[PDB]
Structure formats: C-alpha cells, structure tokens
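Participant: Got a structure here, written out as structure tokens. Questions coming.
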Amino acid sequence: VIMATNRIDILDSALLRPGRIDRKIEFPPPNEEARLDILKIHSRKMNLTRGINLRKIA
Amino acid sequence: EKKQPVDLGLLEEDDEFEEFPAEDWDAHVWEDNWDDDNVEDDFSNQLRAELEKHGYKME
Amino acid sequence: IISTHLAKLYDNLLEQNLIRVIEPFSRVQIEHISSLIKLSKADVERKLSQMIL
Amino acid sequence: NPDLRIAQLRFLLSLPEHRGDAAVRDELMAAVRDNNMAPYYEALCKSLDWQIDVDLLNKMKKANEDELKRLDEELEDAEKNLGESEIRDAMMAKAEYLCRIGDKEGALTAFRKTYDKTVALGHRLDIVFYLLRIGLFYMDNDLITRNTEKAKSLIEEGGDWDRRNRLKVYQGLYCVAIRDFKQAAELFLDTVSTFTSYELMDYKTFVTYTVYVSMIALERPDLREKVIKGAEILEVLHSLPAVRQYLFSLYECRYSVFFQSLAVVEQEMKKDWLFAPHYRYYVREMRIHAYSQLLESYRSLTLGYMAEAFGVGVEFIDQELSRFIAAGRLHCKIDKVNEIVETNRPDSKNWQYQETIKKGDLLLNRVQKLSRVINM
C-alpha cells in the first residue's frame, strides 16, 4: 500500500509508530532543474519551435 | 522442379560469361530508372558555356 | 504605418484592373490594355509576364 | 551515436578519386583512433584497399574486448540485482557500444532484445531511431523502411510532436537519398519550423537541402510562398551564398546567372552522399524548369533571344532542348530553318494518359510475375 498524501503533520500518530511506514520518502518542490526537466517533458508533447529557452521560462 | 530448371539452364548454355557472372555473384535499386546515359555534361557545358560565351567574348 | 501600406493596396488594385481588361478578350493587342489602364506598356507586359508566370 | 560524419567522409574518400590523402582520409583515421573502431578497419581496408599497421588494429580490438568485457560484467551484476529499467539501460550501453564499435548485427540484436524490455517510449522508440540511424550510416534502405514503420506506429499511438519532427527529418533526408524529392519537399520544408535533431547534421546544411529540394519540386507561387518568403531562411539564406543566389535568380527572371550557380552547386553535390549520383538527376531537371519557365509566356520566340539571355551559343542551346522535347517533358518545338521556337501547349489528358499507362503496366508486370509463382 502506497499511501501518499501531503503535510505528514496531518496524518495521525498511530500511523507513525516508527516501524509501520517502511520507507518514508518526501517529495521536494520543483526548482529550475526539476522544472526545466519537467518543462522539457511536457513541452515535448506539443509542437515546439526552435529558439526556445525553457530555463528562462522556469 | 528446381533440378529440372537447372538441367534446362545447362542445356541452353554453360556458360562462359554466365559462369563468370555467377562467380561474381548485391546492392539495391533505389526507385525507378531510365535514362542514365553519359555524364560530365553540365559543367562541361558551363566549361563550354564559359568557353562558348568566352568564344562569344572572343566574339 | 498605414501609408507605406498603400503600396499593397495599389498592387492589389493594379492586378485586378488588369484581370478585368483581359477578362473578356483574346489576342487583345497589348497597347490597348496599356492605354486603357493608362500606363506604359513596358511595365504592363512586365507585369503580365509575372501574372502568366 | 553513431556519428554520421564518419560515413560522409568515408564516401568522400570513395569519390571518383581524387587522392587525397588530404583532410578527409586522415580525418577518418583520426576518428578510428579515438573510436578504437575495427569492423571498419577490415571493412574499409578491403573497400579502399590500403591497409597497414596490423598493430593498431590489435590495440583497438584489445580495448574493445576490455569494455565489452566490462559492460557484460556490469550486466551480470544486474541479473542478481535487477533493476528492470536498469538492465535495459546497460544493454543500451551495450548495443550503443556496438555503435561506437559500429558493428551492425550486434547493436541490432542488442537493441531488439532491449525492446522486449524497454517498456517505456523513449527507449522503445528513440532506440529504434538509433537502430535505423545505423541504416542511414551503412547506406542501406529496407532496414529503415521497416523501422520507420515501427516508430511510425509508436508515434501514431501517443508520443508528441517533438519526436515526430526529428522523424520527419530522418524520413526526409532519406527521401533525398533516393530520387524521391517530392516527399522530402513538404517533409523537409516543414522541418524548418523545428529542428532539434542536430544528431545528423547542422542547421545551415539542412537549410541548403530543404531549399535545394524546395526549389526543385515546389511550384512557382508556392516557392515564393514557402521558401523565398521563409522567415527562417532569410536569416539563414543570408548566411549562405550559392543555392540562394540561384533560387533568387530563377524566381526573379535573371536566368543567365541562374545557370552558373546551378553548375556550381552541382559541383557541390557530387561531394555529398544524400545525392551521390543524383547530381546528374538534379541538374538535368533544373535545366528543364528554366527552359519551361522561359517559354511559358511566349507562343513564339527566336533562339538568339534565348541563347543571348542564357549567354550560350545557339547550336549548344538547340542541342540542349533536343534532349527534353522528344520526351514530352517540354512543350516546345523548334524550327531551325528560321531559328525560331514555338510553344505547343499540352492537354491534361495527354499527361495522365502517358502516366496512367506507365503506372498500370508496372502493376500488371508485378501482378503476373507473382501470379505464376502462386499458380505453380
């Protein structure tokens, strides 16, 4: 069971007894790079011309 | 059937050039054909188009 | 901005007038297209070349 | 990658010779060294016929053995610690390494088996792209047509318009690699809007190609529309100084010069590969167009007018038209007694009829041929 929500401060305690959520991994906001990457993935879907600096955009 | 064919081929000939061809035995084909012809014409023409006009310059 | 644009309008106008001069006609001696459109032949047939082509 | 340039330079060495023993050859060899290539060295030597330094070959093969060893070993560690998306990647480095080692069958098989994995799209598609890439590299054909179909499906399903553009650049360049310029026209001509695929060549080269083929197979008003008025060309077509000069010379009725630049560029094509022996097909055609375009406004005109215009002697000009007239590729006909030329327009039917019959015959010959086979 992946149970993936937000603000771990919301989830109850009984769901945090150190052993019970095997690997707690956290997502980071998306910076220039990640965005840039994400930006390049989504912009790849549509028909994007040349002379297009995505970085400037992020 | 193949053997029969082979036999037929043998009877029709051997042959000299055919043997050589067989020995040689590729490549492609591209798409369509005709007519190749000679070559070295265009520039030759220009080489002359100059010369021509150069001759016509000489004219 | 609108001025230099007149060149466009002028062009579209000339093209039409011509198409209407040769509209109903054949072997129309070109000097006639000229005097009708009121312009020198040389650039008329200069254009009619462009249109044909 | 594999970097095409190796292939282009290779072809350059093949040339009518030309030997030389100049930039080219040592450029190649220089990229054998840093590429520890092999399958060439015997392939090339057997082709060009100039081998030497059996030592160098051994060194290259040795290092190759080292790395193929290494990647094999890496893969071995994965089998015990997979790593699905990982395994396939080490493979991509395997067959890819076959690309650096430029061995066809090997990267072929390697990639294939990686498709059984791949799973995603960039791996199952872009990898294919590379597989065909090899095709372009070797100068094959079918090997590509069957894979451009694959990628075609993969793109038709989902994907995006970013891969479709490279795709059209490949397909296009291919179309040029044959006599199929019409298909390359729209394909390439539309490739100017986007061109991220510098993998093959640069941008101004590509430009010259799309402008070349454009000039060749586009109509006069759509030449002016899509090329003479190319926002992406004006900035580039100013970067050049040859094809453009010819393109303009045509469009604007400045023939006589058009010819010279035509010959020039012709002498620049035989150097390329995409055309190879097409340098003879291109110019032939580019001769007709002008002759055509020159007459179209005349129901009669005199030779000396033409010859004068183009700046050649009559006799040679007559001699040229004689090539195109009998083939009904040109609607002229000549009167030498008076040195005059009159133009007989053609009928639409006359065009198709000649084309329809030709096409019908091609289908008939193929139908019957394989008919007998299936019949027996």
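Going through the structure tokens in order, the chains are called A, B, and so on, while each chain numbers its residues from 1 and the ligands are numbered from 1 in the order shown.
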Sort by chain and increasing residue number a table of all residues of chain B within 6 Å of chain D, each with its closest pair of atoms and their distance in Å to one decimal, counting only C-alpha atoms, and write it as CSV.
Facilitator:
residue,atom,partner,partner_atom,distance
B:30,CA,D:178,CA,5.8
B:43,CA,D:263,CA,5.7
B:49,CA,D:312,CA,5.4
B:52,CA,D:312,CA,5.8
B:53,CA,D:312,CA,5.6
Participant: How would the residues just picked look written out with N, CA and C atoms as a PDB file, in the first residue's frame?
Facilitator:
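selection.pdb was written with the following content:
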ATOM      1  N   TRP B  30      17.026   1.510 -55.505  1.00  0.00           N
ATOM      2  CA  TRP B  30      16.550   2.854 -55.229  1.00  0.00           C
ATOM      3  C   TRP B  30      15.053   2.965 -55.506  1.00  0.00           C
ATOM      4  N   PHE B  43      28.680  20.760 -66.129  1.00  0.00           N
ATOM      5  CA  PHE B  43      29.844  21.622 -66.003  1.00  0.00           C
ATOM      6  C   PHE B  43      30.575  21.733 -67.326  1.00  0.00           C
ATOM      7  N   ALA B  49      29.986  26.765 -71.775  1.00  0.00           N
ATOM      8  CA  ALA B  49      29.179  27.977 -71.624  1.00  0.00           C
ATOM      9  C   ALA B  49      30.095  29.169 -71.376  1.00  0.00           C
ATOM     10  N   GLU B  52      32.121  28.866 -74.760  1.00  0.00           N
ATOM     11  CA  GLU B  52      31.109  29.365 -75.684  1.00  0.00           C
ATOM     12  C   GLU B  52      31.009  30.878 -75.592  1.00  0.00           C
ATOM     13  N   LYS B  53      30.520  31.354 -74.456  1.00  0.00           N
ATOM     14  CA  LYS B  53      30.453  32.784 -74.216  1.00  0.00           C
ATOM     15  C   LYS B  53      31.842  33.388 -74.266  1.00  0.00           C
TER      16      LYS B  53
END
Participant: Find the residues near residue 6 of chain A: any atom within 12 Å, counting only C-alpha atoms, skip ones fewer than 3 places away on the same chain, and give them as a list in words.
Facilitator: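 That gives residues 3, 9, 10, 11, 25, 26, 27 and 28 of chain A.
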Participant: Limited to N, CA and C atoms, could you put the picked residues into a file as a short mmCIF file (atom, residue, chain, number, x, y, z; two decimals), in the first residue's frame?
Facilitator:
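Final output, part_5.cif:
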data_model
loop_
_atom_site.label_atom_id
_atom_site.label_comp_id
_atom_site.auth_asym_id
_atom_site.auth_seq_id
_atom_site.Cartn_x
_atom_site.Cartn_y
_atom_site.Cartn_z
N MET A 3 0.58 4.87 0.46
CA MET A 3 -0.35 5.88 0.99
C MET A 3 0.42 7.19 0.95
N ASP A 9 2.21 16.17 8.87
CA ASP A 9 1.70 16.65 10.16
C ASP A 9 0.20 16.42 10.29
N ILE A 10 -0.46 16.13 9.17
CA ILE A 10 -1.88 15.84 9.16
C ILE A 10 -2.16 14.42 9.62
N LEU A 11 -1.51 13.45 8.98
CA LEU A 11 -1.70 12.05 9.34
C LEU A 11 -1.62 11.84 10.85
N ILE A 25 9.47 8.56 2.32
CA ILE A 25 10.17 9.39 1.36
C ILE A 25 9.35 10.64 1.13
N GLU A 26 10.05 11.74 0.88
CA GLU A 26 9.40 13.03 0.81
C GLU A 26 9.73 13.64 -0.52
N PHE A 27 8.77 14.39 -1.05
CA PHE A 27 8.87 14.98 -2.37
C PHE A 27 9.38 16.41 -2.23
N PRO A 28 10.30 16.85 -3.15
CA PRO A 28 10.73 18.22 -2.95
C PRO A 28 10.01 19.17 -3.92
#
Participant: Compute the chain C side of the contact with chain D at 8 Å, counting only C-alpha atoms, and hand it back as a compact mmCIF listing (two decimals) with N, CA, C and O atoms, in the first residue's frame.
Facilitator:
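Dumped everything to selection.txt:
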# COMPACT_ATOMS: atom_id res chain seq x y z
N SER C 49 3.76 39.40 -67.71
CA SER C 49 4.71 38.32 -67.56
C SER C 49 4.57 37.68 -66.18
O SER C 49 4.37 36.48 -66.07
N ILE C 52 1.17 35.70 -65.79
CA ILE C 52 1.22 34.46 -66.56
C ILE C 52 2.09 33.44 -65.84
O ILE C 52 1.72 32.29 -65.66
N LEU C 53 3.26 33.89 -65.42
CA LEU C 53 4.23 33.03 -64.81
C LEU C 53 3.83 32.60 -63.39
O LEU C 53 4.31 31.59 -62.89
Participant: For segment 39-46 of chain C, list every protein, DNA or RNA residue within 10 Å, evaluated using only C-alpha atoms, and leave out those in the same chain fewer than 6 positions away; present the list as a PyMOL selection string.
Facilitator: chain C and resi 14+18+30-33+52
Participant: Limited to N, CA, C and O atoms, could you put the picked residues into a file as a short mmCIF file (atom, residue, chain, number, x, y, z; two decimals), in the first residue's frame?
Facilitator:
data_model
loop_
_atom_site.label_atom_id
_atom_site.label_comp_id
_atom_site.auth_asym_id
_atom_site.auth_seq_id
_atom_site.Cartn_x
_atom_site.Cartn_y
_atom_site.Cartn_z
N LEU C 14 -3.96 47.23 -59.14
CA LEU C 14 -3.42 47.07 -60.49
C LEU C 14 -3.70 45.68 -61.02
O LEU C 14 -4.14 45.51 -62.16
N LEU C 18 -6.15 44.86 -64.39
CA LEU C 18 -5.63 44.04 -65.47
C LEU C 18 -6.52 42.86 -65.74
O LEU C 18 -7.03 42.71 -66.85
N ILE C 30 -1.71 44.43 -76.92
CA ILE C 30 -1.37 44.83 -75.58
C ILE C 30 -1.33 46.35 -75.39
O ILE C 30 -1.56 46.85 -74.28
N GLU C 31 -1.09 47.07 -76.48
CA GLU C 31 -1.13 48.52 -76.43
C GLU C 31 -2.49 49.02 -75.96
O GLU C 31 -2.60 50.12 -75.43
N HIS C 32 -3.51 48.20 -76.15
CA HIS C 32 -4.86 48.55 -75.73
C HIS C 32 -5.00 48.44 -74.22
O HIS C 32 -5.47 49.37 -73.57
N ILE C 33 -4.57 47.31 -73.66
CA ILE C 33 -4.51 47.20 -72.21
C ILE C 33 -3.78 48.42 -71.65
O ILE C 33 -4.21 49.01 -70.65
N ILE C 52 1.17 35.70 -65.79
CA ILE C 52 1.22 34.46 -66.56
C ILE C 52 2.09 33.44 -65.84
O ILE C 52 1.72 32.29 -65.66
#
Participant: I need the residue nearest residue 6 of chain D from this list: D:196, D:145, D:256, D:35. Use only C-alpha atoms for the distance.
Facilitator: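 Looking only at the distances to residue 6 of chain D, the closest residue turns out to be D:35.
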Participant: I need the alpha helix (DSSP H) residues of chain A per DSSP on the backbone, written as a list in words.
Facilitator: residues 32, 33, 34, 35, 36, 37, 38, 39, 40, 41, 42, 54, 55, 56 and 57 of chain A
Participant: Please report as a PyMOL selection string which residues of chain A come no farther than 8 Å from chain D, using only C-alpha atoms.
Facilitator: chain A and resi 44-50
Participant: Between D:52, D:120, D:37, D:71, which is the closest to residue 99 of chain D once you count only C-alpha atoms?
Facilitator: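 Ranking D:52, D:120, D:37, D:71 by distance to residue 99 of chain D, first place goes to D:37.
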